[PDB]
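First comes one chain, alone, set out as structure tokens in the form deposited in one PDB entry.
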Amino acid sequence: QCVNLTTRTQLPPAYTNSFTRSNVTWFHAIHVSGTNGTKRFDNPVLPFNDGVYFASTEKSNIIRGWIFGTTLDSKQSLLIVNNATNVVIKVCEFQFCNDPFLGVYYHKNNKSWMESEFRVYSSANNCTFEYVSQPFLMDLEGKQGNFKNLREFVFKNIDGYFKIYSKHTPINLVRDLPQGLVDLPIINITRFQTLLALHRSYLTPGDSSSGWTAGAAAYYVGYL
């Protein structure tokens, strides 16, 4: 499939001080403005030189894994996807397309939702790896209200080993700038990109456009 969703719009890159969590970037994936119909989508690829610091905040999560590689085409690439029940980490010779995303849709006679991964990749020829364990992310808590929870990660690739880190802490101040796991013996990495989750329905009539939609999402990035 691989429908096209990108939009001509571009915005000047914002930046903020790290404040000892620097010249950290700041991106907006789904952006809304006064003109209520302005839904925009853009997930550019970013360099991966030595290491990356990742953080985000979400009301109801739409963030599922990442993709890493050098060519990002059928000509290898590490892929991660995480869902509500279990995480899966796989190394495979995937064939991606310009606008990868994870789609979900209704199932009329089974009274449940289902997720289709074929919107991300087309071919997985002669492919081996697979892993399973408890999920990295989680979207439930014993409290709901004004305060939110903040996530963070660190990736480094030294001596051939691949390693991950993560911590969870809630905020106590009003909304502002940032307050102030496994080891996989996997490849040459120089780029990566995050992938979102989108959902569709048919309740409304005469929707002469693509039905993919979701809420607003943002995240931070930095280098070592």
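Start at 1 and count along the sequence shown; that's the residue number. Only residues modelled in both forms are compared. C-alpha atoms forming the largest set that superposes within 1.5 Å between two forms make up the rigid core.
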Establish whether the other compared PDB entries of this protein leave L79 unmodelled at least a third of the time.
-> no
Hey, does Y202 drop out of the model in a third or more of the other PDB entries compared here?
-> yes
Using what the record says, work out whether there is a hole in the model between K75 and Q76 and how many deposited residues it spans (none, 1 to 3, 4 to 9, 10 or more).
-> 1 to 3
From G180 on to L181, does the model leave out none, 1 to 3, 4 to 9, or 10 or more residues of the deposited sequence?
-> 4 to 9
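The form deposited in another entry is left out here; the points below concern that form.
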Using a superposition on the rigid core, decide whether the Cα position of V154 changes by 2 angstroms or more between this form and the one not shown.
-> no
Rigid core fit then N125 CA moved by 2 Å or more between this form and the one not shown | yes
Just the runs, please: which groups of three or more residues in a row shift their CA by 2 Å or more between this form and the one not shown on the core?
-> 7 to 12, 125 to 129, 172 to 180
